[PDB]
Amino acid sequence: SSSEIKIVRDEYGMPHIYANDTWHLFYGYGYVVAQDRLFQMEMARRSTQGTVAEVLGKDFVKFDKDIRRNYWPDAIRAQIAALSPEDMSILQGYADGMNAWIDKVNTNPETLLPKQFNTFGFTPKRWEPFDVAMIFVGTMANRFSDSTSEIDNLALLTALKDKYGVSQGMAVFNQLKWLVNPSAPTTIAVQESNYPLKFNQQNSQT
C-alpha cells in the first residue's frame, strides 16, 4: 500500500522505516525523530536560527544576533524553491512526519510532552522544510566549513613586518603559517599523485 509506512525498532530502539515513495519514507524518519529527540531538535532549530532568547532570555541575545548575522534565510529559501519534486519530497516529508507526532504531543501533553518542555516553560510548534534544511546548514556548514582568520593573519604579518622588517617579516610569517609543508603526512601517498596548483606566499594583493 502506497500510504503505508512501517516502523520497526530493534533491541537498541533504532528505527527502521519501510515505505514505497520518497515522501512517505522521510515522513517516517521525521516521525521517529520527533519521538526520540524532540526537545533536542527544537533547541537545535532555535540555535540554528537565532531564536533561543525567546525562550531562554537575555543571556542569549548576542548569541541570537550572531547566528542571524552569519546566514541569509532568503537564499536558503530560494534553494529549497528550486528543488525538483523528488528532492522537495525529502524535506517536506521529513517535516510532515515530525508534524504528525508533534500534533499528538500537543493533543495529549499529560503523557507525551517531553519533560524538558515543562521545565523550560514552552511548547513545541510545527516544522517546515526550511527548518530541516537549517539544521544541516547551522550545524554542519557553519560549524565545520566556515573557517577563516584572515583579518587576524594580516594583523600578525603586519606586526611581524614591524618587528623584523618587510622581507624578514614576511619570511617569518611563512615560518609560522606556511602555505604548504612538503613533509606533512598525507592521506594519499606521493606515488599516487600530487596537487597541480601553486599559490602565492608573499601577499601580492597589497
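Don't overthink the numbering: it's just position in the shown sequence, from 1.
(request) Return whichever of 162 to 170 and 64 to 72 has the greater mean Cα B factor according to the PDB record. (result) Comparing averages over the C-alpha atoms only gives 162 to 170.
(message) So, looking at the entry's B-factor column for Cα atoms, which has the higher mean, 55 to 63 or 40 to 48?
(response) In the deposited entry, the stretch with the higher C-alpha B-factor mean is 55 to 63.
(request) Select lowest, middle or highest to describe the third in which the CA B-factor of residue 188 falls within its chain in this entry. (result) It belongs to the middle third of the chain when residues are ordered by C-alpha B-factor.
(message) When the deposited Cα B-factors of this chain's modelled residues are ordered and cut into thirds, is residue 142 in the lowest, the middle or the highest one?
(response) Highest third of the chain for residue 142's C-alpha B-factor.
(message) Per the entry's values, where does residue 86 land by CA temperature factor relative to the rest of its chain, in the lowest, middle or highest third?
(response) For residue 86, the deposited C-alpha B-factor lands in the highest third.
(request) Compare the C-alpha B factor of residue 92 with those of the other modelled residues in its chain, then answer lowest, middle or highest third. (result) Tercile = lowest for this residue's CA B-factor.
(message) Using only modelled residues of the chain, where does the Cα B factor of residue 128 rank: lowest third, middle third or highest third?
(response) Middle third, going by the recorded CA B-factors of the chain.
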